[PDB]
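Enquirer: Quick check, what structure comes out for this input:
(one chain, ligands or ions: 2)
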Amino acid sequence: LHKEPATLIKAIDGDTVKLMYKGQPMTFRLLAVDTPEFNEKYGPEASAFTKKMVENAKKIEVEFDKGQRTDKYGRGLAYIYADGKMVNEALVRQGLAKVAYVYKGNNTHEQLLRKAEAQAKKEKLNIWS
Ligand SMILES: Cc1cn([C@H]2C[C@H](OP(=O)(O)O)[C@@H](COP(=O)(O)O)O2)c(=O)[nH]c1=O
Ligand SMILES: [Ca+2]
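Expert: Numbers count the residues shown, from 1 in each chain. Ligands and ions are numbered 1, 2, ... in the order given. You can find the structure just below:
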């Protein structure tokens, strides 16, 4: 996989963010995770966590996996990095997302993410509390 440049346009919620990629506005959905909706428990905390990570970053990057790059809603599917730290992984590690929606061929970082979920669950963090 390859990291590509993007700039933040706007935080949306725990697992979606609007970025400019190749010069075009796009909503990205984070691969292989699921945050609670804003209206649900830990939804507000997940939203705030992602927002802080992407707004504070000097460099946002997008990393597509080997499979589909857009979902059926037109959202980009990627792993998102803030100053070199993967947002997807950071959310899982903090118990603010679950590993989820792991489709064959967009699953490169599955086992990294599952390792983070295990440590979050061992710590009883947030969703796992
Ligand atoms: C993360 C991800 C979601 N999706 C689709 C599956 C779900 O379809 P449904 O809308 O039919 O449930 C939806 C879950 O995203 P959200 O958790 O943002 O709602 O997006 C993909 O198709 N590929 C993906 O990689
Ligand atoms: Ca969600």
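Enquirer: Direction included, what does the lengthiest strand in the chain pair against?
Expert: The longest strand of the chain (DSSP state E) is strand 3-11. Strand pairing for strand 3-11, using DSSP bridges, gives strand 16-21 (antiparallel), strand 60-63 (antiparallel).
Enquirer: Please convert those strands to a markdown table, extending it with mean neighbour count.
Expert: Yep, even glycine has a C-beta here, placed from its N, CA and C like the rest. A markdown table is the format used below for the strands paired with strand 3-11 (neighbours: other CB atoms under 10 Å):
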| stretch | mean neighbour count |
| --- | --- |
| strand 16-21 | 20 |
| strand 60-63 | 20 |
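Enquirer: Need those strands in CSV (columns: distance to ligand 2).
Expert: Shown next, in CSV, are the strands paired with strand 3-11 (distance: least, CB to the ion, whole Å):
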stretch, distance to ligand 2
strand 16-21, 8
strand 60-63, 19
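Enquirer: Flag every residue of the chain that's near ligand 1.
Expert: 29, 31, 34, 71, 72, 77, 101, 103, 106 (CB under 6 Å from any ligand atom).
Enquirer: how many neighbours does the fifth one have?
Expert: Residues lying near residue 72 (other CB atoms under 10 Å) number 6.
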